[PDB]
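Okay, structure first, notes after.
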Amino acid sequence: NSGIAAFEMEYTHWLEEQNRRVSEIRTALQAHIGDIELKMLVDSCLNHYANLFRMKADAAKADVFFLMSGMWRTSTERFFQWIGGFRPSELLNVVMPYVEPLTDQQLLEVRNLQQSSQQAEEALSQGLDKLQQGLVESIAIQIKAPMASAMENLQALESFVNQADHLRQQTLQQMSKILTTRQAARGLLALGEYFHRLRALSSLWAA
Amino acid sequence: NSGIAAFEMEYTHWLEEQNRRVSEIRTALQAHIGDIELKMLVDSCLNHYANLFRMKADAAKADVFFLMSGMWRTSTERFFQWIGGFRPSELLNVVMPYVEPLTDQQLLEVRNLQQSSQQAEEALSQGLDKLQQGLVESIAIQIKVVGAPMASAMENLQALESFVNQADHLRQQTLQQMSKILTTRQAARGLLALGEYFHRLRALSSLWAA
Amino acid sequence: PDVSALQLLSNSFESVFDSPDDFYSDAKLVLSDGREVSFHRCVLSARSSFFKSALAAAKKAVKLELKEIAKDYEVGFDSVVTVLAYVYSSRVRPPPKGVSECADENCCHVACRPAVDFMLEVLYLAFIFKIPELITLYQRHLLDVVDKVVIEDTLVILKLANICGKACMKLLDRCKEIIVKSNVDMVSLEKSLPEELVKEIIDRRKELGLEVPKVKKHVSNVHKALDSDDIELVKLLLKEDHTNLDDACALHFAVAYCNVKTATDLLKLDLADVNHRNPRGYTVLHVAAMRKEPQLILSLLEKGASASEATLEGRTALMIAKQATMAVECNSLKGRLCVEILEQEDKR
Amino acid sequence: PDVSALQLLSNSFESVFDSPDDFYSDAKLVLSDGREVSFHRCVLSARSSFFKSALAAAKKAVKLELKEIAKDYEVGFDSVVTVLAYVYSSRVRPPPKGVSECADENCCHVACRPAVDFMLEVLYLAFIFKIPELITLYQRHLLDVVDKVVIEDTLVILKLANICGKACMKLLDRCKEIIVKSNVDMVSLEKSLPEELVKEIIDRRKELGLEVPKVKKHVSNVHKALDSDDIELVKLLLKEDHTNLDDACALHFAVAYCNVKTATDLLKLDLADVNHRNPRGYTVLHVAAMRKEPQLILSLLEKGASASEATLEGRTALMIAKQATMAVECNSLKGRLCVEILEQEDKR
Ligand SMILES: CCCCCCCCCCCCCCCC(=O)O
Ligand SMILES: CCCCCCCCCCCCCCCC(=O)O
Ligand SMILES: [Zn+2]
Ligand SMILES: [Zn+2]
C-alpha cells in the first residue's frame with residue numbers, strides 16, 4: 001500500500017524529530033534556561049505530539065487493521081501498545097518520580113485525572129470488546145444488510161481509534177496545564193528517554 | 001527482512017497450491033473417482049497442510065512476533081486467529097455439517113477430538129497469558145536499570161516460539177486424527193469444505209478492501 | 001368473414017412452411033440435437049412476442065439456438081415442427097407415427113410415455129413462444145390424458161406444469177391433486193420435484209389428514225450414504241446393524257436415482273433380497289425396467305430375478321420396458337437394448 | 001374449419017402490412033409518381049405467382065418499379081394499397097374517401113368516373129398480379145356497374161377489358177354488346193380503340209343486322225384536316241360549299257380530340273352552331289366539360305353557349321363537370337380550375 005509506505009517514511013522522520021526535540025529539551029533542562037525558551041520548547045514538543053496524532057489519523061484511514069496490530073512500532077512497545085498506542089495511566093506512573101515536589105492542588109488534579117482516565121479506558125475497552133465480538137460473530141454467521149453492517153462497523157472502529165487518541169491528546173494537554181514549565185520539560189525528557197529505551201530494547205530483542 | 005519475505009512468498013505459493021488442490025478434489029468428487037485416487041488426494045491435502053506448518057515453524061524462528069501479529073493473513077481471518085493460526089475446535093465445527101452423515105462411532109470419536117482440542121487450546125491460552133504477564137514484568141525492569149537481560153530475552157523468545165510450536169502441533173494432531181476417524185470420501189468432503197471456507201474468507205476480505 | 005380467402009391464405013402459408021427456402025427464408029432455429037429448421041422473421045415476429053423481442057435484440061442470415069432461450073427443458077424436433085406449423089398456418093399438424101407410439105404393440109398409444117412426452121414438449125414450446133391458443137389446446141389434451149397415465153409420468157407432467165408458471169395453472173392444479181391422492185415415496189418427491197413443490201405437496205397432504213409417515217433417521221443416513229457413492233460407509237452402517245437393506249429399500253434407491261456403479265457394488269455384496277417389494281409394489285427389476293438401464297437389468301438377471309412378477313397395476317417387466325421406449329427405436333438405443341435383453345430372457 | 005385461428009392469422013398479417021418497417025420488410029414497390037409501398041417478399045411470393053417470378057428474377061435492398069412490370073395502365077396509389085391489403089389479410093380495404101368519389105354531392109359514387117377509374121385500376125392490378133379471386137370480385141362489380149355508367153367511360157372500361165386478356169371475357173362481351181347496341185360514332189372508336197378491336201366491332205355491327213352508316217367522304221376529309229394542324233386546308237375545304245361544320249360535328253371533334261388552339265380558331269371562325277346537338281345527343285358545352293379544358297369553356301360561354309340545356313339523361317354541363325372531376329382536387333388542379341370557373345359563371 002502506498003499510503004502505508006508514506007506513513008512509514010513520515011514516521012521515520014517523526015522519530016528523528018522526536019529525538020532532536022528530546023536532545024534539545026535535555027540541553028535546556030541541564031543549562032537551566034529561562035521559563036520562556038523552555039516553555040517554547042515544551043510547546044514545540046506538544047505540537048510534535050499533535051502532529052503524531054494527525055499522521056496516526058491519516059494512517060488509520062488507509063488501513064485501520066494494520067494500525068491496530070502495532071507492527072509499525074518497536075518490538076518492546078507491542079507489549080504496552082493499547083489500540084494503536086500507549087496507555088496514559090502507565091506513562092503517568094512512569095513520570096511520577098520526576099515531577100515531585102507537587103503541591104496539594106497538583107496532587108489532587110493528577111489523582112482526579114488518573115481516575116477519569118482509568119474510567120474512560122475501561123469504558124472504551126469494553127466498547128471495543130463488544131465491537132470485536134460482534135464482528136467475530138457476524139463474520140462467522142455470514143461465512144458459515146451485510147454491506148451496511150460492514151460499513152457501520154468500519155466507521156465505529158475508526159471512531160474508537162480517533163477517540164482514544166482524542167483522550168490521549170486531552171490528557172497530555174491536561175498535564176501540560178497542571179505542571180510548571182520546568183516540571184513539564186522534565187516529564188517530556190523522561191517520556192523521550194523512555195521511548196528511546198524501549199526502542200533500544202527492541203533492537204536488543206531483534207539482534 | 002529476507003526471512004519474512006521468503007515466508008510471504010512461500011505463503012503465496014501455498015495459497016496457489018491450496019486453490020489448485022481444492023479444485024482438483026472438487027472435480028474428483030464430482031466425477032465419482034475411485035477410493036484410491038481420492039485417498040491420494042486427501043493425503044496430499046494433508047501433506048500440504050504439513051508443509052504449511054513447517055513453513056510456519058520457519059517463520060516462528062525468524063520472527064515469532066510476526067506470526068502472532070497475523071498481518072500476513074487477510075483482515076477477516078485475523079478475527080479468528082489463535083497463537084499464530086486458526087482455532088481447531090472452530091474449524092471442526094465449521095466442517096462438521098459437510099462430513100455428514102457420521103456413524104455413531106465416528107461421532108463419538110469426533111466429539112472426543114473436539115473436547116481434547118478445546119482443553120489443549122485453553123491450557124495453551126492460559127500458558128500464553130502467564131508468559132505475557134511475565135514479559136510485561138520482566139521488560140519493566142531493563143528500562144529502569146542502566147548478563148541477565150540478554151539471557152532473559154533469549155529464554156522468553158524460546159518460550160514464545162515453543163508456544164507457537166505447540167499450537168501448530170495441536171492443529172496438525174487434530175487434522176491428522178480427523179483424517180483417521182473419517183473414510184476417504186467423508187474426509188475429502190471435509191477438506192473441500194475447509195478449503196472453500198478459507199477461500200470465502202479471503203474473498204470477503206478482498207470485498208471489504210475495495 | 002369470407003372463409004375461402006382465409007383458407008387460401010392458410011394453404012399458401014403451409015406451402016411457405018413446407019419449403020421455406022423457396023420463399024426467402026431469413027432466419028434459422030437450431031435444436032439441441034444438431035438439426036435445424038428454416039423460418040421467416042416476419043411471420044414469427046408477428047405471431048409471437050417472444051420471437052419479436054429475441055430478433056429485435058439480436059439485430060441490435062440469423063441463427064437462434066433453442067438451447068439458450070429455452071434452457072430448462074430439452075424439447076424434441078417434432079414438437080418444434082408442430083409449433084412452427086401452427087405459427088405459419090394456424091393448423092395443428094399431427095406427429096409422425098412412432099413418436100407418439102411406444103414399443104409395446106398391445107397399447108393404443110393414448111396415454112403412454114412417448115405421447116405424454118411429445119405433448120409436454122409442445123406445451124412447453126407454446127409457453128415459451130407465448131402462443132395462448134396452442135397452450136390452451138395442449139393443456140386440454142394433458143388434462144384429458146393425465147387421469148390414465150401412471151403416477152411416475154404425472155410427476156414429470158407436474159414438473160413442467162410448474163415450469164409453465166401461472167399460464168398452465170389448471171394442469172398444475174390437476175397434477176398436484178393427483179400426486180397428493182397417491183402414495184408416492186418421500187424420496188421420489190425429493191428427487192423429482194424442487195423443494196417448493198415438495199413442501200407445498202406435504203402441506204396439502206398433511207392438511208387433509210392422509211397417511212404421511214416420516215423417514216427414519218437411520219434410513220435417511222443409509223440413503224444419503226448411497227447418494228454420495230460411499231459404499232464402505234453403508235458397509236459400516238450395516239456392521240452397526242442399525243439399518244437393513246430390506247427396510248430401507250436401498251436396491252430400489254440405487255437403481256432409481258443413484259449411480260449405476262453404486263448399485264452394482266451394492267448388489268455385489270448380496271445382503272438383501274432382489275425380488276423384494278416396496279410400499280408402492282415394485283420390485284428391483286421393475287424399477288430397472290422403468291429406468292431403462294441395461295447393466296442393472298443384466299446384473300439382476302445374472303444374480304437372480306423373477307421376471308414373471310407384476311405390479312399392483314398388472315404390468316410386468318416386459319410391459320414396462322416396452323411402454324417406456326418409443327416405437328422409433330424398434331421399427332438412444334438404451335430402451336431398445338433393455339427390451340431385447342428382457343425378450344431374450346423371456347424364452348430362456 | 002377453425003375460423004378463429006384463421007381470423008387471428010389474418011389480423012396478424014394485416015397488422016404486419018399496417019407497419020411494414022416494424023416487421024422486417026425486405027422489398028419496396030415504387031409507383032409511377034414516386035411513392036413507395038413497403039412489402040415482404042415471402043407473402044407476395046406465396047400469394048402472387050407473378051410476384052414470385054419477378055422477385056426470383058430481381059434477386060438474380062429490393063425495389064420493384066410498378067411503372068415497368070405493369071406498363072399497360074397507369075395505376076394510382078390507393079388501388080395499390082387495396083391490392084396489397086387484400087394480398088396480406090385476404091380482405092378488401094376501401095380507399096380513403098375522395099379517391100373513389102366525385103365532386104358531386106348528389107352523386108352516389110356508384111357509376112361516376114372516379115369510382116369506375118378506381119375499380120378499373122384495381123382490376124388491372126389483380127390481373128397483373130395473378131389473383132383470380134380479386135379479379136372475379138371486381139369483374140362482377142364492373143359487370144353490375146357498366147349498365148349505369150356513361151358511354152364515354154364505358155369506352156375506357158372496354159379498353160381495360162380488352163387489355164386484361166381472357167380473364168375478363170364476361171366484361172369484354174358485355175362492353176362490346178353495350179357499344180354495338182348504342183349509336184357511337186366510328187370516329188371516336190377508331191381514335192381510341194385499337195385497330196383490331198374497331199374492326200371486330202364494325203364486323204359484329206354489320207353481321208348482327210344493326211345499321212352501320214358509311215363514313216361520309218367529306219366528313220372524313222374534314223376530320224383528317226382537323227387532326228393535322230393546317231387551317232389553310234380547312235379554309236380550302238370549306239370554300240367548296242360541300243361541307244358544313246354542324247353537319248360534321250366539327251366543334252365536337254375539335255373540343256373532344258383536337259388541341260385547344262385548334263378549337264379556339266374554329267370557334268373564332270364563327271361558322272358553326274355552338275348549341276348544336278350531335279347524333280349522340282350531346283352539346284358542345286357537355287363535350288367541353290368532359291374534356292376539362294378551361295380555355296374552351298371560356299371561349300364557348302363568351303360566344304353564346306347556353307348552359308341550361310340538358311342531355312338525354314338530363315345532366316347539364318355543371319353536373320358533368322362535377323362527375324368528371326376528382327373529389328380530392330376540390331378539398332393536378334386543372335379539374336378544380338374548370339369546376340371553379342363553372343361555379344363562378346353559374347353564380348351570375
Ligand atoms: C508535558 C506532559 C508531561 C507529562 C506526560 C505524561 C505522559 C503523557 C502521555 C502522552 C504521550 C504521547 C505519546 C504517544 C505515543 C504513541 O501514540 O505511540
Ligand atoms: C480430514 C480433515 C477434515 C477437515 C478437518 C478440519 C478441522 C481441523 C482444523 C485444523 C486445520 C489446519 C489448517 C489451518 C492452517 C493455519 O492456521 O495456518
Ligand atoms: Zn403406447
Ligand atoms: Zn360520384
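Letters A, B, ... mark the chains of the C-alpha cells in the order given; residue numbers begin at 1 per chain; ligand numbers begin at 1, in order shown.
Selection of all polymer residues within 6 Å of ligand 1 on the basis of only C-alpha atoms and all ligand atoms gives residues 85, 86, 88, 91, 92, 168, 172, 175, 176, 184, 187 and 188 of chain A.
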Counting only C-alpha atoms and all ligand atoms, which protein, DNA or RNA residues come within 6 Å of ligand 2, given as a list in words?
residues 85, 86, 88, 91, 92, 95, 171, 174, 175, 178, 179, 187, 190, 191 and 194 of chain B
Could those selected residues go to a file with N, CA, C and O atoms, as an mmCIF file, in the first residue's frame?
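again.cif, freshly written:
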data_model
loop_
_atom_site.group_PDB
_atom_site.id
_atom_site.type_symbol
_atom_site.label_atom_id
_atom_site.label_comp_id
_atom_site.auth_asym_id
_atom_site.auth_seq_id
_atom_site.Cartn_x
_atom_site.Cartn_y
_atom_site.Cartn_z
ATOM 1 N N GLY B 85 -2.448 -18.933 14.313
ATOM 2 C CA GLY B 85 -3.273 -19.599 13.331
ATOM 3 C C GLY B 85 -4.710 -19.694 13.783
ATOM 4 O O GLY B 85 -5.138 -18.988 14.697
ATOM 5 N N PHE B 86 -5.448 -20.594 13.142
ATOM 6 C CA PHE B 86 -6.855 -20.772 13.458
ATOM 7 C C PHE B 86 -7.049 -21.705 14.649
ATOM 8 O O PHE B 86 -6.157 -22.460 15.044
ATOM 9 N N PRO B 88 -8.536 -24.912 16.115
ATOM 10 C CA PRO B 88 -9.025 -26.180 15.540
ATOM 11 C C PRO B 88 -10.459 -26.523 15.910
ATOM 12 O O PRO B 88 -11.174 -27.085 15.073
ATOM 13 N N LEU B 91 -12.740 -24.743 13.435
ATOM 14 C CA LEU B 91 -12.730 -25.328 12.101
ATOM 15 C C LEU B 91 -13.438 -26.676 12.087
ATOM 16 O O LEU B 91 -14.098 -27.023 11.099
ATOM 17 N N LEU B 92 -13.331 -27.437 13.181
ATOM 18 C CA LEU B 92 -14.075 -28.687 13.294
ATOM 19 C C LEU B 92 -15.575 -28.440 13.283
ATOM 20 O O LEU B 92 -16.322 -29.148 12.598
ATOM 21 N N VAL B 95 -16.591 -27.510 9.632
ATOM 22 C CA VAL B 95 -16.634 -28.578 8.636
ATOM 23 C C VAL B 95 -17.542 -29.736 9.021
ATOM 24 O O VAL B 95 -17.836 -30.579 8.159
ATOM 25 N N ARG B 171 -2.850 -28.154 16.018
ATOM 26 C CA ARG B 171 -3.592 -28.138 14.759
ATOM 27 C C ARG B 171 -3.280 -29.373 13.921
ATOM 28 O O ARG B 171 -4.188 -30.007 13.370
ATOM 29 N N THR B 174 -4.937 -32.493 15.443
ATOM 30 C CA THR B 174 -6.378 -32.518 15.223
ATOM 31 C C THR B 174 -6.702 -32.853 13.774
ATOM 32 O O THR B 174 -7.610 -33.648 13.499
ATOM 33 N N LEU B 175 -5.959 -32.267 12.833
ATOM 34 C CA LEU B 175 -6.159 -32.581 11.421
ATOM 35 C C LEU B 175 -5.921 -34.059 11.138
ATOM 36 O O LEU B 175 -6.741 -34.714 10.482
ATOM 37 N N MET B 178 -8.690 -36.240 12.664
ATOM 38 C CA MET B 178 -9.897 -36.179 11.849
ATOM 39 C C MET B 178 -9.723 -36.983 10.566
ATOM 40 O O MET B 178 -10.657 -37.659 10.119
ATOM 41 N N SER B 179 -8.535 -36.919 9.958
ATOM 42 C CA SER B 179 -8.285 -37.681 8.739
ATOM 43 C C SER B 179 -8.239 -39.183 8.991
ATOM 44 O O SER B 179 -8.414 -39.962 8.048
ATOM 45 N N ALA B 187 -13.671 -37.735 4.450
ATOM 46 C CA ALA B 187 -12.542 -36.836 4.675
ATOM 47 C C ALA B 187 -12.363 -35.872 3.510
ATOM 48 O O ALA B 187 -12.041 -34.697 3.714
ATOM 49 N N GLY B 190 -14.824 -33.147 3.798
ATOM 50 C CA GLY B 190 -14.441 -32.205 4.838
ATOM 51 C C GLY B 190 -13.313 -31.279 4.419
ATOM 52 O O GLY B 190 -13.344 -30.080 4.711
ATOM 53 N N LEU B 191 -12.308 -31.817 3.725
ATOM 54 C CA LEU B 191 -11.219 -30.972 3.245
ATOM 55 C C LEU B 191 -11.717 -29.974 2.209
ATOM 56 O O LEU B 191 -11.276 -28.819 2.190
ATOM 57 N N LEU B 194 -13.468 -27.208 4.141
ATOM 58 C CA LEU B 194 -12.483 -26.341 4.785
ATOM 59 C C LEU B 194 -11.823 -25.402 3.779
ATOM 60 O O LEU B 194 -11.658 -24.199 4.040
#
Nearest-residue call for residue 109 in chain C, choices C:296, C:155, C:131, C:149, using only C-alpha atoms:
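Closest residue, counting only C-alpha atoms: C:149.
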Interatomic distance between CA of residue 305 in chain D and CA of residue 339 in chain D?
16.7 Å
Each chain D residue no farther than 8 Å from ligand 4, nearest pair in Å, only C-alpha atoms and all ligand atoms, as JSON lines:
{"residue": "D:100", "atom": "CA", "partner": "ligand 4", "partner_atom_place_in_ligand_line": "1 (Zn)", "distance": 7.8}
{"residue": "D:101", "atom": "CA", "partner": "ligand 4", "partner_atom_place_in_ligand_line": "1 (Zn)", "distance": 4.9}
{"residue": "D:102", "atom": "CA", "partner": "ligand 4", "partner_atom_place_in_ligand_line": "1 (Zn)", "distance": 3.8}
{"residue": "D:103", "atom": "CA", "partner": "ligand 4", "partner_atom_place_in_ligand_line": "1 (Zn)", "distance": 6.4}
{"residue": "D:104", "atom": "CA", "partner": "ligand 4", "partner_atom_place_in_ligand_line": "1 (Zn)", "distance": 5.7}
{"residue": "D:105", "atom": "CA", "partner": "ligand 4", "partner_atom_place_in_ligand_line": "1 (Zn)", "distance": 7.5}
{"residue": "D:106", "atom": "CA", "partner": "ligand 4", "partner_atom_place_in_ligand_line": "1 (Zn)", "distance": 7.6}
{"residue": "D:107", "atom": "CA", "partner": "ligand 4", "partner_atom_place_in_ligand_line": "1 (Zn)", "distance": 4.3}
{"residue": "D:108", "atom": "CA", "partner": "ligand 4", "partner_atom_place_in_ligand_line": "1 (Zn)", "distance": 5.5}
{"residue": "D:109", "atom": "CA", "partner": "ligand 4", "partner_atom_place_in_ligand_line": "1 (Zn)", "distance": 3.4}
{"residue": "D:110", "atom": "CA", "partner": "ligand 4", "partner_atom_place_in_ligand_line": "1 (Zn)", "distance": 6.6}
{"residue": "D:111", "atom": "CA", "partner": "ligand 4", "partner_atom_place_in_ligand_line": "1 (Zn)", "distance": 6.8}
{"residue": "D:112", "atom": "CA", "partner": "ligand 4", "partner_atom_place_in_ligand_line": "1 (Zn)", "distance": 4.4}
{"residue": "D:113", "atom": "CA", "partner": "ligand 4", "partner_atom_place_in_ligand_line": "1 (Zn)", "distance": 6.9}
{"residue": "D:114", "atom": "CA", "partner": "ligand 4", "partner_atom_place_in_ligand_line": "1 (Zn)", "distance": 6.9}
{"residue": "D:115", "atom": "CA", "partner": "ligand 4", "partner_atom_place_in_ligand_line": "1 (Zn)", "distance": 7.1}
{"residue": "D:323", "atom": "CA", "partner": "ligand 4", "partner_atom_place_in_ligand_line": "1 (Zn)", "distance": 5.6}
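If you look at CA of residue 135 in chain D and CA of residue 16 in chain D, they are 23.9 Å away from each other.
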From range 1-201 of chain A, collect each residue whose DSSP state is alpha helix (DSSP H) and return the set as a PyMOL selection string.
chain A and resi 2-30+35-62+64-69+88-99+104-143+146-178+181-201
Write out as CSV a residue-level contact list of chain A versus chain B with cut-off 8 Å: for each qualifying residue the closest pair of atoms and the distance in Å to one decimal, counting only C-alpha atoms, rows sorted by chain and residue number upward.
residue,atom,partner,partner_atom,distance
A:65,CA,B:75,CA,6.9
A:66,CA,B:71,CA,7.1
A:69,CA,B:69,CA,6.1
A:71,CA,B:69,CA,7.3
A:75,CA,B:65,CA,7.8
A:76,CA,B:139,CA,7.8
A:79,CA,B:136,CA,6.5
A:80,CA,B:136,CA,7.8
A:132,CA,B:79,CA,7.7
A:135,CA,B:79,CA,7.7
A:136,CA,B:79,CA,5.7
A:139,CA,B:76,CA,7.5
A:143,CA,B:200,CA,6.9
A:144,CA,B:94,CA,6.8
A:150,CA,B:208,CA,7.6
A:194,CA,B:143,CA,7.3
A:197,CA,B:143,CA,5.9
A:198,CA,B:143,CA,6.9
A:201,CA,B:143,CA,7.7
A:204,CA,B:150,CA,7.8
A:205,CA,B:153,CA,6.5
One number please: CA of residue 72 in chain A to CA of residue 118 in chain A, in Å, one decimal.
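According to the coordinates, CA of residue 72 in chain A and CA of residue 118 in chain A are separated by 25.6 Å.
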Residues near residue 37 in chain C, anyone? I mean within 7 Å using only C-alpha atoms, not counting same-chain ones fewer than 3 positions away, as number ranges by chain.
C: 28-30
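Around residue 271 in chain D, within 9 Å and counting only C-alpha atoms, the residues found are residues 244, 245 and 246 of chain D, once anything fewer than 6 positions away on its own chain is removed.
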Distance-based interface of chain B with chain C, 8 Å, counting only C-alpha atoms, as an MDAnalysis selection string
chainID B and resid 32 101 103 183 185
Would you list which chain D residues are within 9 Å of chain C using only C-alpha atoms, as a ChimeraX atom specification?
/D:1-3,5-10,12-13,15-16,23-25,40-43,45-47,52,87-91,133
Generate a file of the selected residues that holds C-alpha atoms, formatted as a compact mmCIF listing (two decimals), in the first residue's frame.
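What landed in out30.txt:
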# COMPACT_ATOMS: atom_id res chain seq x y z
CA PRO D 1 -62.62 -25.45 -40.19
CA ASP D 2 -61.34 -23.35 -37.27
CA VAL D 3 -62.47 -19.80 -38.05
CA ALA D 5 -57.32 -19.26 -35.80
CA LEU D 6 -57.64 -18.08 -39.40
CA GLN D 7 -59.02 -14.74 -38.21
CA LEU D 8 -56.04 -14.28 -35.89
CA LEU D 9 -53.67 -15.14 -38.75
CA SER D 10 -55.38 -12.57 -40.98
CA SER D 12 -51.57 -10.59 -37.56
CA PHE D 13 -50.70 -10.18 -41.22
CA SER D 15 -51.00 -5.61 -38.60
CA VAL D 16 -47.82 -6.59 -40.45
CA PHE D 23 -41.77 -6.40 -39.02
CA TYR D 24 -38.61 -6.58 -41.16
CA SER D 25 -39.80 -5.55 -44.62
CA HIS D 40 -42.40 -8.51 -47.72
CA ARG D 41 -41.03 -10.99 -50.23
CA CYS D 42 -42.49 -14.16 -48.67
CA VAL D 43 -46.14 -13.04 -48.55
CA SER D 45 -44.14 -14.76 -53.37
CA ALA D 46 -46.75 -17.09 -51.85
CA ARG D 47 -49.97 -15.31 -52.84
CA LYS D 52 -42.72 -14.82 -57.13
CA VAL D 87 -52.91 -9.92 -50.59
CA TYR D 88 -51.78 -9.69 -46.97
CA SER D 89 -55.03 -10.05 -44.99
CA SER D 90 -57.36 -11.62 -47.62
CA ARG D 91 -59.89 -8.80 -47.15
CA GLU D 133 -60.50 -14.18 -56.55
Do you know which residues are at most 10 Å from residue 113 in chain A counting only C-alpha atoms, after dropping those on the same chain fewer than 3 positions away, and could you put them as a ChimeraX atom specification?
/A:89,92,107-110,116-119,171,174-175
Keeping N, CA and C atoms for every residue in the selection just given, could you write it to a file as a CSV table (one decimal), in the first residue's frame?
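Result saved to part_8.csv:
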chain,number,residue,atom,x,y,z
A,89,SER,N,-2.3,6.1,31.7
A,89,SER,CA,-2.1,5.9,33.2
A,89,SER,C,-0.7,5.3,33.4
A,92,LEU,N,1.8,8.0,33.1
A,92,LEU,CA,1.7,8.8,34.4
A,92,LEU,C,2.5,8.2,35.5
A,107,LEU,N,-1.4,17.5,43.1
A,107,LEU,CA,-1.7,16.1,43.5
A,107,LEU,C,-3.2,15.8,43.3
A,108,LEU,N,-4.1,16.7,43.7
A,108,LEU,CA,-5.5,16.5,43.5
A,108,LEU,C,-5.8,16.4,42.0
A,109,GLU,N,-5.2,17.3,41.2
A,109,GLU,CA,-5.5,17.3,39.8
A,109,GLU,C,-5.0,16.0,39.1
A,110,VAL,N,-3.8,15.5,39.5
A,110,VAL,CA,-3.3,14.3,38.9
A,110,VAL,C,-4.1,13.1,39.3
A,116,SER,N,-10.2,9.5,36.2
A,116,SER,CA,-11.1,9.7,35.0
A,116,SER,C,-10.5,9.0,33.8
A,117,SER,N,-9.2,9.0,33.6
A,117,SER,CA,-8.5,8.2,32.5
A,117,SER,C,-8.8,6.8,32.7
A,118,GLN,N,-8.7,6.2,33.9
A,118,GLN,CA,-8.9,4.8,34.1
A,118,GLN,C,-10.4,4.5,33.8
A,119,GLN,N,-11.3,5.3,34.2
A,119,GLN,CA,-12.7,5.0,33.8
A,119,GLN,C,-13.0,5.1,32.3
A,171,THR,N,-5.5,14.4,27.7
A,171,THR,CA,-4.8,14.2,29.0
A,171,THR,C,-3.4,14.8,28.9
A,174,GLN,N,-3.7,18.3,29.5
A,174,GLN,CA,-4.0,18.5,30.9
A,174,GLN,C,-2.7,18.4,31.7
A,175,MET,N,-1.8,17.5,31.4
A,175,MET,CA,-0.5,17.5,32.1
A,175,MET,C,0.2,18.8,31.8
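Counting only C-alpha atoms, range 283-289 of chain D has the following residues at most 7 Å away, ignoring those fewer than 5 positions along the same chain: residues 251, 252, 255, 256, 274, 275, 276, 277, 278, 296, 297, 317, 320 and 321 of chain D.
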Quick one: residues within 9 Å of range 340-348 of chain D, only C-alpha atoms counted, chain neighbours fewer than 5 positions away excluded, as JSON, numbers by chain?
{"D": [294, 297, 298, 301, 307, 317, 318, 321, 330, 335]}
